Amino acid sequence: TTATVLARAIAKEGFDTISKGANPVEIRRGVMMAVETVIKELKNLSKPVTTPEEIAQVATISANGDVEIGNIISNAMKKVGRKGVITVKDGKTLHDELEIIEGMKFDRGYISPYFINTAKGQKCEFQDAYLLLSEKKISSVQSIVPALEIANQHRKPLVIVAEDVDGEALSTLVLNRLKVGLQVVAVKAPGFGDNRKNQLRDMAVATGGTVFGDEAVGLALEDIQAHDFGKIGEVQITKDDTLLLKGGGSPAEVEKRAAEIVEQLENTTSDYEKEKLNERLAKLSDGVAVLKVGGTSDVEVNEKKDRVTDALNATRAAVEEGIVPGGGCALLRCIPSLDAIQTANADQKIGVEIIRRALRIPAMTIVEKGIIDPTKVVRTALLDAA
Amino acid sequence: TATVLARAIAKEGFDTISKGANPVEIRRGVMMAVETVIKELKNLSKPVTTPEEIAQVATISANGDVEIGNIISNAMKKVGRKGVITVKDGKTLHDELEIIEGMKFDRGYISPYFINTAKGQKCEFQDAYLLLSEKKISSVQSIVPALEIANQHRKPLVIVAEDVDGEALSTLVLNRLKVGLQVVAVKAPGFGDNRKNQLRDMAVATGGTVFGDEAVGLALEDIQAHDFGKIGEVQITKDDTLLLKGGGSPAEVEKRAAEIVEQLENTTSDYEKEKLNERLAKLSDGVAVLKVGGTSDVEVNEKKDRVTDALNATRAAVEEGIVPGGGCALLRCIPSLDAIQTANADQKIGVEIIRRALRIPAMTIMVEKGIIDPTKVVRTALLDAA
Numbered sequence: 114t115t116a117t118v119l120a121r122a123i124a125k126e127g128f129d130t131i132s133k134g135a136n137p138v139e140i141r142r143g144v145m146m147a148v149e150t151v152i153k154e155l156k157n158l159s160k161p162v163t164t165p166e167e168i169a170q171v172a173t174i175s176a177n178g179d180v181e182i183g184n185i186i187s188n189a190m191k192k193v194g195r196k197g198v199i200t201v202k203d204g205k206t207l208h209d210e211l212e213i214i215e216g217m218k219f220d221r222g223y224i225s226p227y228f229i230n231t232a233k234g235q236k237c238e239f240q241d242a243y244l245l246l247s248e249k250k251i252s253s254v255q256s257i258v259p260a261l262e263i264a265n266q267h268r269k270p271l272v273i274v275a276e277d278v279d280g281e282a283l284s285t286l287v288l289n290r291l292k293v294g295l296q297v298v299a300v301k302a303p304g305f306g307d308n309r310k311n312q313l314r315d316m317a318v319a320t321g322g323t324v325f326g327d328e329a330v331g332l333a334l335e336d337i338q339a340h341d342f343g344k345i346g347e348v349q350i351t352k353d354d355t356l357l358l359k360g361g362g363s364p365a366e367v368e369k370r371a372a373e374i375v376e377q378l379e380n381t382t383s384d385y386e387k388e389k390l391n392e393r394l395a396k397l398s399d400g401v402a403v404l405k406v407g408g409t410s411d412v413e414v415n416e417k418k419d420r421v422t423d424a425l426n427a428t429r430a431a432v433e434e435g436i437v438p439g440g441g442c443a444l445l446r447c448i449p450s451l452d453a454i455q456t457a458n459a460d461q462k463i464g465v466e467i468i469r470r471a472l473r474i475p476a477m478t479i514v515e516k517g518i519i520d521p522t523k524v525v526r527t528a529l530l531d532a533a
Numbered sequence: 115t116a117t118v119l120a121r122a123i124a125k126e127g128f129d130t131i132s133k134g135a136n137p138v139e140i141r142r143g144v145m146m147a148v149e150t151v152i153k154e155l156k157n158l159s160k161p162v163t164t165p166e167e168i169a170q171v172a173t174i175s176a177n178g179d180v181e182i183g184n185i186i187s188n189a190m191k192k193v194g195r196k197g198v199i200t201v202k203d204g205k206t207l208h209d210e211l212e213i214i215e216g217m218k219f220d221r222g223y224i225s226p227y228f229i230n231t232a233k234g235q236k237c238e239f240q241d242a243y244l245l246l247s248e249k250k251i252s253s254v255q256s257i258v259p260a261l262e263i264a265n266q267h268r269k270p271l272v273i274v275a276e277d278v279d280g281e282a283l284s285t286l287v288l289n290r291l292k293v294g295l296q297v298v299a300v301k302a303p304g305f306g307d308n309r310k311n312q313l314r315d316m317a318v319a320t321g322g323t324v325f326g327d328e329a330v331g332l333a334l335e336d337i338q339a340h341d342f343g344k345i346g347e348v349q350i351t352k353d354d355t356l357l358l359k360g361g362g363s364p365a366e367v368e369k370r371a372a373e374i375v376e377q378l379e380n381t382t383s384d385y386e387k388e389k390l391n392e393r394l395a396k397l398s399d400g401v402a403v404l405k406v407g408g409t410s411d412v413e414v415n416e417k418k419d420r421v422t423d424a425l426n427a428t429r430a431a432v433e434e435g436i437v438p439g440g441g442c443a444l445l446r447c448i449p450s451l452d453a454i455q456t457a458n459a460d461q462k463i464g465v466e467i468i469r470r471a472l473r474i475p476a477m478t479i513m514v515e516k517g518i519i520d521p522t523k524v525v526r527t528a529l530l531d532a533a
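Those protein sequence lines, which keep their order, are chains B and A.
For the first sequence, the positions run 114 to 479, 514 to 533 when the authors' numbering is used.
For the second sequence, the positions run 115 to 479, 513 to 533 when the authors' numbering is used.
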């Protein structure tokens with residue numbers, strides 16, 4: 114391990130010699146104060162995107178003036194909402210189609226990247242899958258194998274949603290997926306506290322499944338039967354998101370669940386609890402906008418589907434945090450805000466000066516004319532670079 | 115835009131911190147010092163040649179485990195200090211040693227999506243087919259008939275070619291990911307005529323045929339089952355490929371070895387003697403298989419990791435020797451830094467960085516429990532810092 118100690122010294126003593134004994138913690142503090150100040154200024158320059166027109170304008174310039182892509186995006190955002198669920202699919206027709214189907218999305222991705230089965234976009238895509246819902250963590254082999262056996266003997270992919278999947282249970286899932294191509298994926302349950310348990314129950318109703326380990330039934334995972342699984346017509350899991358389309362739950366059961374949420378909505382004075390109940394109610398009642406891209410051939414629609422997805426993600430990022438001048442002009446215009454920064458040391462000065470000098474570089478390398520970048524993209528680009 | 119920002123922060127960050135120093139001249143001083151240090155390392159190194167010295171190194175790298183040191187030294191007694199040694203799980207209580215036929219070359223899988231074993235990021239197959247090609251593989255229709263033959267015989271397929279790219283690689287990746295197609299692609303080793311010779315050597319060892327060669331010119335589409343090579347066991351990492359128990363007959367292997375020893379006789383080039391001797395060791399010399407036993411699968415997996423670590427440290431020690439004293443040995447290289455002739459103030463800085471870091475490993479003083520340091524591990528760590 115002499116090699117490991119020697120490498121950490123060259124890195125450590127390399128800073129002290131080059132910087133003439135500067136404090137790295139205070140330099141990092143200078144970078145963080147400058148970055149926070151630039152981002153705060155970025156929120157000032159940003160212009161919101163909420164109106165249907167200015168959404169279409171942003172969506173049009175997001176697709177390089179395709180108009181057809183811009184209008185099919187704004188039309189989807191009209192029928193499903195500014196923050197509604199929109200997904201892109203391959204249409205078998207000549208023109209672009211828009212359809213609203215049953216489904217929902219939540220912000221948790223696959224627990225392991227080995228569950229990837231689609232290199233394009235690094236996603237896990239299944240059709241007609243089983244859904245295993247667990248209110249407790251799944252850590253042991255004994256608690257996950259019976260569910261794998263039933264799914265595998267039915268030749269149905271298996272989506273597992275639990276508080277967490279770790280330990281030997283996760284190792285077993287990765288082993289079978291990698292070694293013998295078992296169609297399986299595991300994701301963490303969204304939310305916290307009772308809201309997490311309620312969201313799990315909502316999935317069971319929407320997909321016709323059962324939640325294991327809940328306080329009510331106390332169903333053991335080793336006693337799983339086939340009908341305990343939920344059913345999903347289509348699954349699409351990325352490293353950040355999970356999309357469940359066309360659940361197997363009957364519309365009557367969905368409606369009774371919406372009635373309980375409506376009852377709780379009139380039984381609380383808390384604004385936060387109402388916010389969570391309304392998010393759950395919308396996930397159950399609202400659908401998913403599906404953009405079916407059409408064209409002349411199967412090779413052309415695949416190329417057009419990508420340009421639609423890229424314009425879709427950029428438009429979604431604009432309705433979130435707004436838009437700023439593109440070409441690096443926004444970062445160049447946040448530089449004078451750094452002169453107001455009150456630091457303590459000369460090392461904090463160095464950190465600010467590093468940001469002050471680097472903000473000109475992206476612009477030096479390069514609204515009504517389409518020269519626009521979304522605020523979210525330019526802000527996260529600065530946080531990750533720093 | 116995020117990479118430009120990240121590079122701009124690193125570039126302008128070094129300037130602001132170093133008060134306007136030349137990064138090239140500093141790096142030149144770092145590499146100049148590392149060069150002289152490595153010279154003193156090799157002069158000070160002690161070789162590992164004797165069976166007792168090999169076992170001593172393996173025992174210390176096994177935390178004093180004499181049994182692990184014994185089985186590593188025994189494996190080297192049978193296949194030589196530079197022979198191929200692999201580690202496997204054993205079905206008995208103790209460790210076994212088995213000499214089998216096989217070969218290993220320094221080319222890994224073309225895409226990490228071919229991994230089917232998370233532990234060590236490996237692709238492992240048993241009783242597999244081997245497709246060999248002197249030309250690049252790019253089209254799907256060229257490999258589609260080879261795939262159906264492998265699917266009909268229910269055999270994994272290893273593809274060793276000049277390269278596998280284009281739509282052929284993408285559909286191989288897509289089929290592996292989506293439907294669990296057991297396939298892996300590896301670049302052919304060597305260059306020029308030597309690469310053609312090693313490919314033909316692989317065909318003889320496995321009983322297959324090289325497609326697209328200059329002698330026959332067999333097309334990939336005219337493939338028949340007997341054109342495949344047969345391998346008993348395949349282990350492919352990101353850097354290496356191990357083919358065990360090839361299906362070639364002993365007679366054709368003896369003939370191929372007779373051609374190499376004939377060319378070995380009529381050559382004076384030490385580099386060509388090395389190239390032909392490397393080919394002869396692959397075709398003739400055997401592979402040592404260490405089967406690690408235990409009373410439980412947890413103990414076997416744990417012991418297999420310690421045997422692998424001790425083996426890697428022993429192989430590194432056999433190649434370049436061991437460092438006597440470990441950290442204290444780097445102290446004898448510091449006086450050699452005082453003779454380096456620097457040019458500009460930034461070059462003296464780079465030398466001073468190394469002079470500071472070398473003093474540390476001894477200043478801190513595993514070492515009390517007895518550890519050795521292979522000269523290769525220390526040398527590569529110094530080069531990786533410059």
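Heads up, the beta-carbon is just placed ideally off N, CA and C, and yes, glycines get one too.
Secondary structure of residue i, DSSP reduced to three states
i	result
residue 457 of chain B	coil
residue 488 of chain A	There are no atomic positions for residue 488 of chain A here, as chain A continues from 479 directly to 513.
residue 438 of chain A	coil
residue 228 of chain B	helix
residue 295 of chain B	coil
residue 349 of chain B	strand
residue 192 of chain A	helix
residue 167 of chain B	helix
residue 515 of chain A	coil
residue 210 of chain B	strand
residue 234 of chain B	coil
Residue(s) in a DSSP beta bridge with residue i
i	result
residue 377 of chain B	Paired residue(s): none; residue 377 of chain B is not in a bridge.
residue 203 of chain B	B/406
residue 468 of chain A	According to DSSP, which records beta bridges pairwise, residue 468 of chain A is partnered with nothing at all.
residue 251 of chain B	B/278
Which listed residue (the options) has its alpha carbon closest to that of residue i
i	options	result
residue 417 of chain A	A/158, A/316, A/183	A/183
residue 200 of chain B	B/135, B/284, B/350, B/299	B/350
residue 320 of chain B	B/467, B/217, B/304, B/381	B/217
residue 122 of chain B	A/467, A/162, A/523, A/272	A/467
residue 397 of chain B	B/369, B/415, B/381, B/382	B/369
residue 521 of chain A	A/148, A/152, A/129, A/135	A/152
residue 448 of chain B	B/139, B/168, B/128, B/146	B/146
residue 138 of chain A	A/241, A/458, A/335, A/296	A/458
residue 195 of chain A	A/206, A/171, A/381	A/171
residue 332 of chain B	B/206, B/221, B/256, B/230	B/256
residue 305 of chain B	B/249, B/192, B/262	B/249
residue 276 of chain B	B/289, B/312, B/297, B/268	B/312
residue 432 of chain B	B/144, B/114, B/127, B/166	B/166
residue 303 of chain B	B/290, B/392, B/212, B/271	B/392
residue 514 of chain B	B/526, B/440, B/531, B/528	B/440
residue 192 of chain B	B/399, B/159, B/245	B/399
Residue interval of the beta strand (DSSP E) (run including residue i)
i	result
residue 242 of chain A	237 to 247
residue 322 of chain B	Premise fails: residue 322 of chain B is in no beta strand (DSSP E) and is neither H nor E.
residue 359 of chain B	355 to 360
Same chain, Cβ closer than 8 Å to residue i, neighbours up to 5 away in sequence not counted
i	result
residue 179 of chain B	173, 420, 424
residue 517 of chain A	174, 178
Range covered by the alpha helix (DSSP H) that runs through residue i
i	result
residue 394 of chain B	384 to 398
residue 275 of chain A	Where residue 275 of chain A is concerned, there is no enclosing alpha helix (DSSP H), although the beta strand (DSSP E) it sits in stretches over 271 to 275.
residue 128 of chain B	115 to 131
residue 218 of chain B	From DSSP, residue 218 of chain B is part of no alpha helix (DSSP H) but of the beta strand (DSSP E) over 216 to 219.
Nonlocal neighbours in the same chain, by C-beta distance under 6 Å from residue i, ignoring five residues either side
i	result
residue 362 of chain A	318, 319, 320, 321
residue 271 of chain B	243, 264, 297
7 Å Cβ shell around residue i - same chain, five flanking residues per side excluded
i	result
residue 142 of chain B	461, 464
residue 176 of chain B	182, 183, 420, 424
residue 224 of chain B	278, 283, 299, 300, 301
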